Structure formats: C-alpha cells, structure tokens
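What follows is one chain in structure tokens, specifically the form deposited in one PDB entry.
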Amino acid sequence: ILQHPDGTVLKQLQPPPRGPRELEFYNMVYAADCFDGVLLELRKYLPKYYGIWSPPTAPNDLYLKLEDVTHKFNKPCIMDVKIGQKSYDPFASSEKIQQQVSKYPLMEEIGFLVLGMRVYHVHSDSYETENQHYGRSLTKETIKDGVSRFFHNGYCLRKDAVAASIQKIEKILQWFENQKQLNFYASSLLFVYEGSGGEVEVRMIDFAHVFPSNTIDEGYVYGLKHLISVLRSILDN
C-alpha cells in the first residue's frame, strides 16, 4: 500500500493468481452497466475504485487505485481484521490448507484474526503499532483484551468508537445475510477512528480470494457475529 497525497492508495497486484483475481473482483463490482442490486449495495462498504493503474513508462507494473479510507482523519487509528473461519479458498491444495491453518489454527474457533493496528496516543503524541504476530498470539482467553487495545487512547476506552464499529459492522452483516453469490476468504475489515465522537470507518478490503457461490458465506457471518459479540462485551468494561 502506497498512500497518495490525492487521497488514494495504490495497491500493487499480488502475484498470480491472487492479484488478477482481486482486479477482476473490483472490475465486476464497479462494472458501469451492473444493475445487480447485491453488487450495487456492496460498493458502499468497499473503497471507491478508480480502476487499474500503471506508471506511464511501465505498463507491466499493475496497481489498483483505491480510496484511502483513512484520508479524512487527522490522527487515524487503524486496525485490520481478517474475517472468516477459513483463510484458504475452495481450490487450495492439502499443503496450502496446512500452511493457512498453521498461520493461525484458531481461525475456525474465533472466526477472525487481527492483522495489525496503529493506535494514536494523546498523552505521548505518538503511535503504538502491532504487527501480524500480535493477533496470531491471541487466544480465546485474550481476544477481548486483544481487541480492546485498539480503542485505548492512553486516558480512556473509546466506547463511542466501539459502539459505532458495531453499528457499521451490523450493516455489512445485513448485506451478507441478503446475498448468496459471493464467498470471501482471507479478506479483511479496515477499522478507522479519530485519535486526535463516534466518527468511524469500517470497510471491506483485500479480495484476492473471493469466489462465486450458491450459498450463504457462513464462515464470514460467524466471524462478524463473534466480532460484534466481543465489541459488545467491551462496552461493559
């Protein structure tokens, strides 16, 4: 992810087949002749899509030009949460499934994984960052506190941001409960709130493993529900 001052990010396509698949996903959803009511509603929850981009002197070098979801914030606090029970897709090999499950074997049980967070602290004028190893360390015993960390500004728990996050996730959950045409593996929610009341972004990102389906994305729904339940419990701190 490269942040552009014009308020966009450039995401370089991952190697095949993942990068091409994410390109086709955006192309399908933001197709200018799409009157699919499911896909039209989905746009609300994605970064705005500005199409494929390449450098003027390098058409080989493929990027997606996406809305920077953090742009409108002064001191954005950002958390990426991978959603679902499985982060391997329907066409993974035994070896690939093993790789994905071993990365975080609690995915089936918990239904989400924190990929990282960046939290602005007021009383130090600085950022705390957590990497992939933070979220992969969390167990069922520590997931509530693991998530709570995101909402600590070094003086209070930002229950406004927690409440707002529940409300926005609920809308995404409603979308998933009214579609049976896409299943999403190893995709994420990007949470943003203002670190400098109730001003929040919750957006879906990372679509290298989205597949056509005939059924409810039961794994994604479980993840959303469990995440909402955790956030709800935090409101009682």
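Superpose the two forms; the largest set of C-alphas matching within 1.5 Å is the rigid core. Just count from 1 along the sequence shown to find any residue number.
The form deposited in another entry is left out here; the points below concern that form.
Note: rigid core superposed between this form and the one not shown; among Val81, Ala161, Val119, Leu138, the CA shift is 2 Å or more only at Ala161. Once both forms are fitted on their rigid core, the CA atom of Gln174 lies 2 Å or more apart between this form and the one not shown. Inter-residue distance, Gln174 to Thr139 (Cα): reduced by at least 3 Å in the other form versus the depicted form.
Relative to the displayed conformation, the Cα-Cα distance from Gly219 to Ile169 grows by 3 Å or more in the other form.
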